[PDB]
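First, one chain by itself: the form deposited in one PDB entry, in structure tokens.
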């Protein structure tokens, strides 16, 4: 295996394949068909990047330490050409009068996701996928014993792709049109897979091809291909989580609401930050207190219809939703003091959030 390539053409590939990250700490390099392919994996998912080779090259494959190789390439000057030469247990890297010998492990030892079969496929702009994940990812569970919640549901229905995330306490759901009729289908992508996928997608106008199998998902954009195993469990139905008949409706400025929550939380319990909402005619009062008997109170002029009520919320859950919305006005749909609330952008129905009350 031998190739020469511009540093500039390796930089983004190396960045992408380095997260998922003993051979799991290595990158797989393969020269074939005038292409350098770089692969990183953690056994559950894999990222592949391809780079065209113009300069003379020789086919072959090896694995090298990812961080060492990345740091070498990044550390070379802008404009550097990088020559690579496999020599048994070492891979030689040369650029100008900078020379490196890295230890190798065999390509044959590198874990390979087993072959699988695609069952549903579609293309959508990477920007749409990014929107769907950003709208919902914060509501995924982290290391719950309900293993099926440590990830995100991807659902196709009609002409929409929908994402759902929940940790049992709050839920986020977002649906986007993709311009083609799809079979009805749902799979759970593991949370680390979601985060890696999210990081693969930049700001560009770029078609993203998605292929979903029984046990795997794959996304292809430009010269990158991401593949993850799926989570094999039964995900809750968001339709049954949405409040069925809220009779109380609050509307307020997103940022005013956000800043009022954030201030009141200062004097909530540091270990478990919650605030009390008192809603009445045209007014919202948010209060907090802590074991030192310190107290905060915020009064806001708001749009409100319904009976007077008091209800508590975990601050981080509400702030997470308001931060995700990034909009002018927010709507809160309430039922009673012991039932979850729905929160949406007043000007958009593409996402919705359900939050259980606290206390």
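Residue numbers count along the first chain shown, from 1. Between two forms, the rigid core is the largest collection of C-alphas that superpose within 1.5 Å.
The same protein also exists as the form deposited in another entry; that form is not shown, yet it is the one meant from here on.
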Check your understanding: After superposing on the rigid core, which residue among 32, 307, 299, 52 shows a C-alpha displacement of 2 Å or more between the shown form and the other one?
Key -> 307
Check your understanding: Quick one: once the rigid core is lined up, does residue 186 have its C-alpha move by 2 Å or more between the shown form and the other one?
Key -> no
Review point. Under a superposition restricted to the rigid core, does residue 249 display a Cα displacement of 2 angstroms or more between the shown form and the other one?
Key: yes
Check your understanding: Once everything's superposed on the core, is residue 103 shifted 2 Å or more at the Cα between the shown form and the other one?
Key -> no
